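Engineer: Here's a structure for you.
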Amino acid sequence: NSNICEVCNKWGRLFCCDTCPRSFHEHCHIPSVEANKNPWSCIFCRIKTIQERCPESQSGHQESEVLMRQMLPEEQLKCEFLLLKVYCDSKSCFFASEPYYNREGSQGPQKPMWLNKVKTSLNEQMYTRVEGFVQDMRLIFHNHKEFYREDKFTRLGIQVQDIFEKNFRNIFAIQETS
Ligand SMILES: [Zn+2]
Ligand SMILES: [Zn+2]
Ligand SMILES: [Zn+2]
């Protein structure tokens, strides 16, 4: 197994996947690494199993259809993984914890949002459809773009949103377009 966490790339107290060589800190994995379970399979392995059980699940989908799906266990897992993929980028640090807004010439967003809040919301089963999760994720980056205006720091929101969107299209097998 790897000797660094797959998400944050640091050593420490790591839990090892039994079906692939990845390792995780307890709260870097999403959901948090389960207390018992021997063997244990990580979220990458669990997602791969879904695809293998239903190969047709990789055929192209319309985003509008994906968004209306109810958060049954498999869609719950896919949103967990998609959230994890964003945390995997080091630039996610900027969006992880609760922000505050005091910048000359800007006003804070009406509805602040951050990754740890989405994490908690997923954990607490607060989203009933995939749309709920996706809206909060996109809101993170849209709030950032709006607040930081022409400051070059706005690019961080663009960059992390692109990681989100690419992973969204992969995980939920959105039909490829030009
Ligand atoms: Zn970690
Ligand atoms: Zn694994
Ligand atoms: Zn099938």
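Residue numbers are given in the authors' numbering: position 164 of the sequence shown equals residue 864, and the series is strictly consecutive.
C-beta atoms are modelled at their ideal positions from N, C-alpha and C, and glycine is treated no differently.
Going straight from the alpha carbon of residue 662 to that of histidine 729, what length do you get?
Structural biologist: Nothing about residue 662 can be read from this structure; the chain reaches only from 701 to 878.
Engineer: In chain order, what residues have a CB nearer than 6 Å to some heavy atom of ligand 1?
Structural biologist: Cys705, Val707, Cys708, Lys710, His725 and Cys728
Engineer: Please confirm if the segment 808 to 817 is in contact with the segment 841 to 848, defined as three or more CB-CB distances below 8 Å between the two stretches.
Structural biologist: When C-beta atoms of the segment 808 to 817 are compared with those of the segment 841 to 848, three or more pairs fall below 8 Å, so the two segments count as touching.
Engineer: Which residues have their C-beta within less than 7 Å of a heavy atom of ligand 3, listed in chain order?
Structural biologist: Listed along the chain, these residues meet the criterion: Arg753, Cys754, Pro755 and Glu756.
Engineer: Which one or two residues does DSSP pair with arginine 829 in a beta bridge?
Structural biologist: Translated into the one-based positions of the sequence shown, residue 829 becomes position 129. Per DSSP, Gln770.
Engineer: Please list, in chain order, all residues of the same chain as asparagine 703 whose beta carbon is under 8 Å from its beta carbon, the five residues on each side excluded.
Structural biologist: Locating residue 703 in the sequence shown gives position 3, counting from the first residue. Only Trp711, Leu714 and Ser723 meet the Cβ criterion.
Engineer: Whole angstroms is fine: what's the gap from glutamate 850's alpha carbon to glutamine 770's?
Structural biologist: Within the sequence shown, residue 850 is the residue found at index 150, counting from 1. Within the sequence shown, residue 770 is the residue found at index 70, counting from 1. Their backbone Cα atoms lie some 38 Å apart in a straight line.
Engineer: What did DSSP end up calling residue 694 once you bin it into helix, strand or coil?
Structural biologist: For the chain, the structure presents residues 701 to 878; residue 694 sits outside this window and is missing.
Engineer: Could you name the residues, in chain order, whose CB is less than 6 Å away from a heavy atom belonging to ligand 2?
Structural biologist: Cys717, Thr719, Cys720, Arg722, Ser741, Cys742, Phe744 and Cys745
Engineer: I'd like the list of long-range same chain contacts for residue 685, defined as Cβ closer than 6 Å, with 5 residues on each side in sequence excluded.
Structural biologist: The question about residue 685 has no answer, for the chain in this structure spans 701 to 878.
Engineer: Closest to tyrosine 801 by CA distance: which of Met813, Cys742, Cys754 and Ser790 is it?
Structural biologist: Here residue 801 refers to the residue found at position 101 of the sequence shown. Ranking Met813, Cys742, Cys754 and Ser790 by Cα distance to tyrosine 801 puts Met813 first.
Engineer: Who are the Cβ neighbours of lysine 791 in its own chain at under 7 Å, not counting the five residues just before and after it?
Structural biologist: To locate residue 791, count along the sequence shown from 1; it is residue 91. Contacts found: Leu856, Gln859 and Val860.
Engineer: Within 10 Å of its beta-carbon, does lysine 778 have 16 or more other beta-carbons around it, so buried, or fewer, so exposed?
Structural biologist: For this step, residue 778 is matched to residue 78 along the sequence shown. When all chains shown are included, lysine 778 counts as buried.
Engineer: Just to confirm before moving on: does the CB-CB distance between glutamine 758 and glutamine 875 stay below 8 Å?
Structural biologist: Taking the first residue of the sequence shown as position 1, residue 758 is located at position 58. Taking the first residue of the sequence shown as position 1, residue 875 is located at position 175. Taking 8 Å as the Cβ cut-off, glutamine 758 and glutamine 875 do not qualify as a contacting pair.
Engineer: Quick check on residue 882: does DSSP put it in helix, strand or coil?
Structural biologist: Look at the range of the chain in this structure, 701 to 878, and you will see that residue 882 is not part of it.
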